[PDB]
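Readers should treat all values here as calculations from the given coordinates under stated rules, not as data from a laboratory. Cβ placement follows ideal geometry from the backbone for every residue including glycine, while neighbour counts extend to all protein chains displayed.
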Amino acid sequence: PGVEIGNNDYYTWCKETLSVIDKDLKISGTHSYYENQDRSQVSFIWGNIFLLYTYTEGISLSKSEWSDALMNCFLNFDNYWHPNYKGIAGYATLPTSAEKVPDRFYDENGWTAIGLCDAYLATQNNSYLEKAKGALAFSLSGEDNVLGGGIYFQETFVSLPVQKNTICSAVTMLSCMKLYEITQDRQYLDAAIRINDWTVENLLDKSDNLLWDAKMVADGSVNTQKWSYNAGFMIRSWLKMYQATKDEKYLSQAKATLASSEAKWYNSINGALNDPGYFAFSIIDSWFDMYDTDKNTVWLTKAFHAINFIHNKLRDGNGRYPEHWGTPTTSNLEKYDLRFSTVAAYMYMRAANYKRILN
C-alpha cells in the first residue's frame, strides 16, 4: 500500500476539492448547494449525500475540524425532510416542507440512511440516528409483494414505468445491516435477508455474479443494464450479513461479485474505473470493506491506485471532476453537477482515513 499511498496528501486533496465545490456551487449565505454550473436550481439530494459521507468520514481524522461541518450538512438535509406526506415521513429529492407535495425516492432515502448511521457512529448524536431510522423506515415502506418482493424506485411514478430496482434493495439492505449493528433489533436483519433473497432470485445474473438494474412491474421484464454501484452496494451488504450470520455464503457471494466487478470495470494497470464516478466509488468502498474483513493490504493497494488516478488523471485544470472515471481528462470542463466533485472529495477523505489507519 505504501508504494501507492507514498507522499500523497489525501486529506489536503479533500480540502482542496471541497474548497472548489464551495466556490462553484455553495449558495451564497447558506449551507445549501446549487445543482450545476448554471446556479439556477437548488441541488437534488444526491450530491449532498456525498458531502454528508465526506464530513462523517472527516470525524475519524479530526472531530474538531469536522463536527460543525457535519452538523451544518445535517441541518441542510432537514430542508429536504418531509415530516408527513400521505402518512409517512421521508426525505425528498428537492427541498420540501410539511405543506408541499414532495417527490420521494426509496433509494435516496437508503443512501441517506447509510450516511446518517455512519454520522451517528462517529458522533453519538441522537438526532442523526432518529433521521437514519426514519429514512430507512421510508425505504422499507417501498417494499411489498408486487413481483414477490423488492422495493419500488419511487413513491410517485410519472414518466418512468413502475419498477423495482436493485439499488433500492441494496441501499436498504446496507442500511438495515448498519441499524441492526447499532440497535441489535433482529427485524432489521430479517428485512435484509428477505430483501436479499428476493434480489438474488430476480436481479442477480448467475453467469457473472453481477446485478441487473430493475424488474418491470407490468410484465416482469428485466432491465439488464449492469452498473457498478448495484454490485458494490450488494457487496457491502453481503459483507455485513456475513459478519452478522457467520454464513460463509455471504462472503463467497461478495468475493465473486467483487471479482467480476473488477474484471468488468477496473483497469488495475492505470487505476481507471469505467463507469460514472457517482456509481464506481462503491467498488472502492467495497475494497475498503474487504480490508476491514481480511486485513489484506492488496485491497488498499487497489483503492489507493484508483483514488490516485482520480486526482492525477481526472481532476481538470480548474480543480473540477468529470462525470465518468474511465478516461483521463484532457480539457477543462464547462458543465458539472454537484455529484461529480463531491464523490471525489468523499474518496479523498476515505483514503486519508486508511492512510492514517496504516501509519
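Averaging over all projection directions, the Cα-based convex hull of the chain occupies 17.5 nm² in the image plane. Couplings 3J(HN,Hα) of segment 179-185, computed from phi: 5, 4, 4, 6, 9, 6, 7 Hz, in residue order, whole Hz [Karplus 6.51 cos²θ - 1.76 cosθ + 1.60, θ = phi - 60°; x for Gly and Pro].
When the chain is treated as a GNM, springs tying every alpha-carbon pair under 10 Å, which of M347, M290, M234 comes out with the largest mean-square fluctuation? Comparing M347, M290, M234 in the GNM, the peak value goes to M290. Within the straight-line cut-off of under 17 Å between alpha carbons, the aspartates and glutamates reachable from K215 are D107, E143, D144, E155, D197, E201, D205, sequence neighbours fewer than 8 places apart in one chain being disregarded. Summary of packing: across the peptides 208-215, 303-310, the per-residue average of other C-beta atoms within 10 Å ranks them, highest first, as 303-310, 208-215.
Just add up the charged neighbours of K215: K/R +1, D/E -1, any other residue whose Cβ is under 12 Å from the Cβ of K215. Its environment carries a net charge of -2. The mean sequence distance of close C-alpha pairs (under 8 Å, at least 6 residues apart), as a share of the length of the chain, puts its relative contact order at 19 percent. Across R104, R320, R186, mean-square fluctuation computed from a Gaussian network of the chain (C-alpha pairs under 10 Å connected) peaks at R186.
Shape class of segment 5-66 from the Cα gyration tensor (axes a ≥ b ≥ c, square roots of the eigenvalues): prolate, since a/c reaches 1.5 or more and a/b is larger than b/c.
Pairs from the list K226/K302; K264/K313; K15/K295; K26/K226 with a Cα-Cα gap above 25 Å: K15/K295; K26/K226. For segment 199-210, 3J(HN,Hα) computed residue by residue from phi via the Karplus equation (6.51, -1.76, 1.60; θ = phi - 60°) reads 5, 4, 5, 10, 10, 9, 7, 5, 6, 9, 6, 9 Hz, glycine and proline entered as x.
Which shape class applies to segment 143-216: rounded if a/c is under 1.5, otherwise prolate when a/b exceeds b/c and oblate if not, where a ≥ b ≥ c are the square roots of the Cα gyration tensor eigenvalues? The shape class here is oblate.
With a simple spin-label model that places each label point 7 Å from the Cα along the Cα-to-Cβ direction, the separation between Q184 and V200 comes to 2.7 nm.
For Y106, what is the net charge nearby, where nearby means another residue's Cβ is under 10 Å from its Cβ and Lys, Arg count +1, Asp, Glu -1? Residues near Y106 contribute -2 overall.
When only Cα pairs below 8 angstrom with a gap of at least 6 residues are kept, segment 48-116 shows a relative contact order of 26 percent.
The local environment of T96, defined by Cβ-Cβ distances under 11 Å, has a net charge of -1 under the rule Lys, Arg +1 and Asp, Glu -1.
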